[PDB]
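Accompanying notes for the structure given below.
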Amino acid sequence: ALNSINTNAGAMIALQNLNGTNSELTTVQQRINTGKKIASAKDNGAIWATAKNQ
Amino acid sequence: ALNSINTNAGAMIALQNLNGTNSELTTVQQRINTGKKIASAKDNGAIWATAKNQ
Amino acid sequence: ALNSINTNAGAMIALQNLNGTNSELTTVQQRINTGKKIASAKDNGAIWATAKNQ
Amino acid sequence: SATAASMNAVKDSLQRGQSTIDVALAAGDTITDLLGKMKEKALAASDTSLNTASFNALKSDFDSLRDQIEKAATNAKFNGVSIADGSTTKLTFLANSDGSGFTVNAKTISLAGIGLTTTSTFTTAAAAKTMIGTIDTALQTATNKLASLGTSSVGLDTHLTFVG
Amino acid sequence: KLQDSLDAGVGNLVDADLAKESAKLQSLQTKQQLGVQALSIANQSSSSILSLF
Amino acid sequence: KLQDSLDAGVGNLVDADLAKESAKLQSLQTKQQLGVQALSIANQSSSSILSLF
């Protein structure tokens, strides 16, 4: 309503973008800790299985 | 929850990978100190027993 | 955009030049380890084949 | 607004599904390492120039590692429900505020699941030649099942974001 | 020779390039600090209604 | 001659190749220093929540 005192979409959208950035930071920190792109089976299943077998 | 102040999985996973690297370093330092792959009976039981008897 | 917080070309270009220098260092270290310009068949195929046959 | 409250109810189930799949993946990584080591042992024992007293040591190593795989497989339960032991055929989580489900099939990785067959060894230097291939097939199918589990986990994450 | 080649190949498959993650990490830390300041700016909306009454 | 051969054989069985451990050791020291810096980076999460209030 642009004057509503019960809600505001700006805060929700700002929250969503902040959480997106936090998830990206999680991924990069994982990449740094392990030293490789595909560490677990969640990153990429096909390539992970291939590397294990190889 | 990505905003939880009581826990974070990133720290736990970073800890686990750090401990893995530390264990690998223990093994390599053992290899350097003793000068051989199978030093004790924990490395490889079959080959260790064979070498003793031989 | 010169103020963008999501990207910067300077870091990418610096990375590219650093990787170029690293590849050159790889080549020189190979030259030092083996003691010769054409060691494998990747250096120069024609001259390598000639030297083998000769 | 009742429906928004229901979405709030759905997100926790999606998160619980993620957690169970992580436990399964950890156990699976341990199992794949053990299978690699078992292949190495069987390959080493397939040699016909070997003494009579080294074959027994390699066999006992093999047996220990198989028992290890079994323990590692049956312990991978979160909240009493698991998708790696082989207890149930599939797990269904909430995905919609009206009850429609997200289905995750079960990918058994226990000794029976990968065809290894517990209390299965090699008594002579010839059964090892086939145990090599048996362990190769076992490792292949185990890695395939773990890749499928990882894919399902990524799917759960994406749908959770969308629900938010 | 073959074992060395296989190890190098597996590494080629699943190894990262840390130089890119460093840049991305710096950009993301800046972006998160900025997103926090942006959220804090957006929060203080509707605070002006009190002055009207 | 036989005793010399037996000693050489036992060494062939259970001797290491130190050249590989040197490389692995260097890589592991670098990797541990890196894992420590990574853990320290991950620790400082959730520190931004204070600025929100």
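Starting from 1 in every chain, residues are counted up; chains themselves are A, B, ... following the order of the structure tokens, and ligands are numbered from 1 as listed.
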Could you list, as a PDB file with C-alpha atoms, in the first residue's frame, the residues of chain B having an atom within 12 Å of chain D when counting only C-alpha atoms?
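The resulting file, selection.pdb, is reproduced below:
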```pdb
ATOM      1  CA  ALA B   1      18.777 -21.662   8.560  1.00  0.00           C
ATOM      2  CA  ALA B   9      27.645 -26.360   8.969  1.00  0.00           C
ATOM      3  CA  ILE B  13      32.828 -29.291   7.304  1.00  0.00           C
ATOM      4  CA  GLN B  16      36.481 -32.267   8.987  1.00  0.00           C
ATOM      5  CA  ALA B  41      51.590 -54.009  11.640  1.00  0.00           C
ATOM      6  CA  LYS B  42      48.906 -51.355  11.113  1.00  0.00           C
ATOM      7  CA  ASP B  43      50.131 -50.283   7.675  1.00  0.00           C
ATOM      8  CA  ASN B  44      49.636 -53.677   6.014  1.00  0.00           C
ATOM      9  CA  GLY B  45      49.423 -56.854   8.052  1.00  0.00           C
ATOM     10  CA  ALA B  46      50.061 -59.391   5.303  1.00  0.00           C
ATOM     11  CA  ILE B  47      53.162 -57.766   3.850  1.00  0.00           C
ATOM     12  CA  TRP B  48      54.531 -56.910   7.290  1.00  0.00           C
ATOM     13  CA  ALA B  49      54.266 -60.508   8.464  1.00  0.00           C
ATOM     14  CA  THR B  50      55.837 -61.703   5.222  1.00  0.00           C
ATOM     15  CA  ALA B  51      58.806 -59.360   5.600  1.00  0.00           C
ATOM     16  CA  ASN B  53      59.429 -64.049   8.384  1.00  0.00           C
ATOM     17  CA  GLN B  54      61.643 -63.418   5.374  1.00  0.00           C
TER      18      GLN B  54
END
```
Could you give me, as a list in words, the residues within 10 Å of residue F:29, counting only C-alpha atoms and dropping anything in the same chain fewer than 4 positions from it?
residues 21, 22 and 25 of chain B; 24, 25, 33, 34 and 35 of chain F
Distance-based interface of chain E with chain A, 8 Å, counting only C-alpha atoms, as a compact mmCIF listing (two decimals) with N, CA, C and O atoms, in the first residue's frame:
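Okay, iface.txt is ready:
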```
# COMPACT_ATOMS: atom_id res chain seq x y z
N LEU E 6 47.06 -41.59 -15.06
CA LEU E 6 45.70 -41.69 -14.54
C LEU E 6 45.46 -40.71 -13.40
O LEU E 6 44.40 -40.08 -13.32
N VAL E 10 42.60 -37.70 -13.50
CA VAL E 10 41.55 -37.50 -12.51
C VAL E 10 41.63 -36.10 -11.92
O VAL E 10 40.61 -35.43 -11.71
N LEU E 13 40.14 -33.68 -14.22
CA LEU E 13 38.69 -33.72 -14.20
C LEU E 13 38.13 -32.89 -13.05
O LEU E 13 37.23 -32.07 -13.25
N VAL E 14 38.64 -33.09 -11.84
CA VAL E 14 37.88 -32.61 -10.70
C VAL E 14 38.66 -31.60 -9.85
O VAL E 14 38.32 -31.38 -8.70
N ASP E 15 39.65 -30.93 -10.41
CA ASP E 15 40.42 -29.94 -9.66
C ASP E 15 39.89 -28.53 -9.92
O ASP E 15 39.39 -28.24 -11.00
N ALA E 16 40.02 -27.66 -8.93
CA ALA E 16 39.53 -26.31 -9.07
C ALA E 16 40.65 -25.38 -9.53
O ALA E 16 41.80 -25.77 -9.67
N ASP E 17 40.28 -24.13 -9.78
CA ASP E 17 41.20 -23.05 -10.11
C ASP E 17 41.02 -22.01 -9.02
O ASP E 17 40.17 -21.13 -9.16
N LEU E 18 41.90 -22.01 -8.02
CA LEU E 18 41.70 -21.19 -6.82
C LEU E 18 41.77 -19.70 -7.10
O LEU E 18 41.18 -18.90 -6.37
N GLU E 21 38.31 -18.38 -7.47
CA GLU E 21 37.56 -18.31 -6.22
C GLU E 21 38.03 -17.16 -5.35
O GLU E 21 37.24 -16.60 -4.60
N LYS E 24 36.21 -14.15 -6.76
CA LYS E 24 34.80 -14.28 -6.46
C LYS E 24 34.53 -14.08 -4.98
O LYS E 24 33.53 -13.48 -4.59
N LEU E 25 35.43 -14.58 -4.12
CA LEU E 25 35.28 -14.43 -2.68
C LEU E 25 35.35 -12.97 -2.27
O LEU E 25 34.55 -12.51 -1.44
N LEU E 28 32.20 -11.28 -3.33
CA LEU E 28 31.05 -11.69 -2.54
C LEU E 28 31.08 -11.10 -1.14
O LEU E 28 30.03 -10.78 -0.59
N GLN E 29 32.26 -10.98 -0.53
CA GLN E 29 32.31 -10.33 0.78
C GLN E 29 31.88 -8.87 0.67
O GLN E 29 31.09 -8.38 1.49
N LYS E 31 29.92 -7.67 -1.63
CA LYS E 31 28.51 -7.67 -1.97
C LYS E 31 27.64 -8.00 -0.77
O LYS E 31 26.54 -7.46 -0.65
N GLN E 32 28.11 -8.86 0.13
CA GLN E 32 27.32 -9.16 1.31
C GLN E 32 27.30 -8.00 2.29
O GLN E 32 26.25 -7.68 2.85
N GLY E 35 24.87 -5.74 0.81
CA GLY E 35 23.50 -6.18 0.91
C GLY E 35 22.98 -6.00 2.31
O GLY E 35 21.79 -5.72 2.51
N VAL E 36 23.86 -6.09 3.30
CA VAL E 36 23.47 -5.83 4.68
C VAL E 36 23.15 -4.36 4.87
O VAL E 36 22.16 -4.00 5.51
N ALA E 38 22.18 -2.33 2.57
CA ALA E 38 20.96 -2.11 1.81
C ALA E 38 19.72 -2.59 2.56
O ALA E 38 18.69 -1.91 2.59
N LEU E 39 19.81 -3.77 3.18
CA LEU E 39 18.70 -4.26 3.98
C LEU E 39 18.43 -3.35 5.15
O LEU E 39 17.27 -3.04 5.46
N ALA E 42 16.58 -0.40 3.90
CA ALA E 42 15.20 -0.70 3.55
C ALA E 42 14.34 -0.90 4.79
O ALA E 42 13.14 -0.60 4.77
N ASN E 43 14.94 -1.41 5.86
CA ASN E 43 14.19 -1.68 7.08
C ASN E 43 13.58 -0.41 7.64
O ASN E 43 12.45 -0.43 8.14
N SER E 46 8.76 3.17 6.65
CA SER E 46 7.54 3.20 7.44
C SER E 46 7.78 3.87 8.78
O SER E 46 6.84 4.03 9.56
N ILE E 49 5.99 7.46 9.29
CA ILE E 49 4.56 7.67 9.49
C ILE E 49 4.29 8.31 10.84
O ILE E 49 3.34 9.09 10.98
```
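Our summary of the geometry notes that atom CA of residue D:50 is positioned 29.6 Å from atom CA of residue D:114.
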Given a cut-off of 10 Å, which residues of chain F touch chain E, counting only C-alpha atoms, written out as a PDB file with C-alpha atoms, in the first residue's frame?
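Final output, saved to out10.pdb:
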```
ATOM      1  CA  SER F  48      27.159  -9.660  10.278  1.00  0.00           C
ATOM      2  CA  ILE F  49      23.857 -10.203  12.090  1.00  0.00           C
ATOM      3  CA  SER F  51      24.759  -4.846  12.189  1.00  0.00           C
ATOM      4  CA  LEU F  52      21.128  -5.618  11.416  1.00  0.00           C
ATOM      5  CA  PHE F  53      19.909  -4.638  14.888  1.00  0.00           C
TER       6      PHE F  53
END
```
Would you pick out the contacts of residue D:16 at 12 Å or less, using only C-alpha atoms, so that residues sharing its chain but fewer than 5 positions from it are not included, and give the list as a compact mmCIF listing (two decimals) with C-alpha atoms, in the first residue's frame?
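Below is the file part-v2.txt, written as the result:
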```txt
# COMPACT_ATOMS: atom_id res chain seq x y z
CA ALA D 9 5.01 -26.22 7.25
CA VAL D 10 6.42 -27.63 3.99
CA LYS D 11 9.91 -26.13 4.22
CA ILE D 21 20.52 -37.60 2.06
CA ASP D 22 23.69 -36.01 3.51
CA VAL D 23 24.03 -38.82 6.04
CA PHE D 78 18.99 -40.16 10.50
CA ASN D 79 15.97 -39.99 12.82
CA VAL D 81 14.78 -43.39 8.59
CA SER D 82 17.45 -44.08 5.98
CA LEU D 91 10.73 -41.73 0.71
CA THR D 92 8.15 -39.07 -0.07
CA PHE D 93 8.52 -35.53 1.25
CA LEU D 94 6.14 -32.59 1.09
CA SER D 153 19.54 -33.61 -2.96
CA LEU D 156 15.34 -30.72 -2.96
CA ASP D 157 17.43 -27.59 -2.42
CA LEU D 160 13.01 -25.33 -1.16
```
Write out as an MDAnalysis selection string all residues of chain D that DSSP puts in strand (DSSP E) for this structure's backbone.
chainID D and resid 90:94 101:105
8 Å contact set for stretch 24-26 of chain D, only C-alpha atoms, chain neighbours under 3 positions out, as a PyMOL selection string:
(chain A and resi 40-41) or (chain D and resi 20-21+29-30+76-77+82-84+146+149-150)
